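A.B. asks:
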Amino acid sequence: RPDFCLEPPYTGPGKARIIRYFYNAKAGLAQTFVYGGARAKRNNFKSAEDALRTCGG
Amino acid sequence: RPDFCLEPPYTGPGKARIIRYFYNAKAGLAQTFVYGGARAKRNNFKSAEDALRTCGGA
Numbered sequence: 001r002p003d004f005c006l007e008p009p010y011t012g013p014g015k016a017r018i019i020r021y022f023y024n025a026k027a028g029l030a031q032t033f034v035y036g037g038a039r040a041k042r043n044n045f046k047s048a049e050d051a052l053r054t055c056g057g
Numbered sequence: 001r002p003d004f005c006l007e008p009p010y011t012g013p014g015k016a017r018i019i020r021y022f023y024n025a026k027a028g029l030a031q032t033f034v035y036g037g038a039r040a041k042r043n044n045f046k047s048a049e050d051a052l053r054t055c056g057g058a
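Right, here's the structure in full:
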């Protein structure tokens with residue numbers, strides 16, 4: 001499983017409120033979070049399915 | 001252009017020496033750098049052509 005999948009979701013310094021997905025490795029599920037629109041980390045996906053495809057295995 | 005493409009490269013805290021590519025802001029070229037194996041930032045590509053597809057405008 002890529003290491004970034006175990007990082008907490010990162011809102012970042014931007015002032016937007018974009019609903020993105022992250023993989024919650026303790027739950028084993030994709031969940032949503034508020035992304036600020038700038039300087040994303042890699043545990044940040046545009047759909048539940050992409051988070052699980054990338055990080056679920 | 002994605003907002004990470006004009007950042008300096010980021011080796012990170014890892015002790016590996018993996019040769020990756022970054023988009024060099026000023027020169028407008030993909031360039032190699034030493035990546036430590038962990039905690040990549042997004043201006044970090046496995047090839048020059050990936051750096052240019054993503055960050056070129058160059």
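Top line first, the protein sequences correspond to chains B and A.
The deposited numbering applies: residue 1 is where the first sequence begins, and numbers increase by one.
The deposited numbering applies: residue 1 is where the second sequence begins, and numbers increase by one.
Backbone N, C-alpha and C fix where the C-beta goes; we use that ideal spot for every residue, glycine too.
Are the C-beta atoms of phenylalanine 4/B and some chain A residue less than 9 Å apart?
C.D. replies: yes
A.B. asks: Given that a residue counts as buried once 16 or more other Cβ atoms are within 10 Å of its Cβ, and exposed if not, what is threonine 32/A?
C.D. replies: Looking at its Cβ environment, which holds fewer than 16 other Cβ atoms inside 10 Å, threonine 32/A is exposed.
A.B. asks: So, helix, strand or coil for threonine 11/A, using DSSP?
C.D. replies: coil
A.B. asks: Beta-carbon separation of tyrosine 35/B and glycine 57/B under 9 Å?
C.D. replies: no
A.B. asks: What does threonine 54/A pair with, by DSSP beta-bridge criteria?
C.D. replies: Per DSSP, none; premise fails for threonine 54/A.
A.B. asks: Would you list the one or two residues that DSSP bridges to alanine 30/B?
C.D. replies: Beta-bridge annotation (DSSP): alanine 30/B is paired with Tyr23/B.
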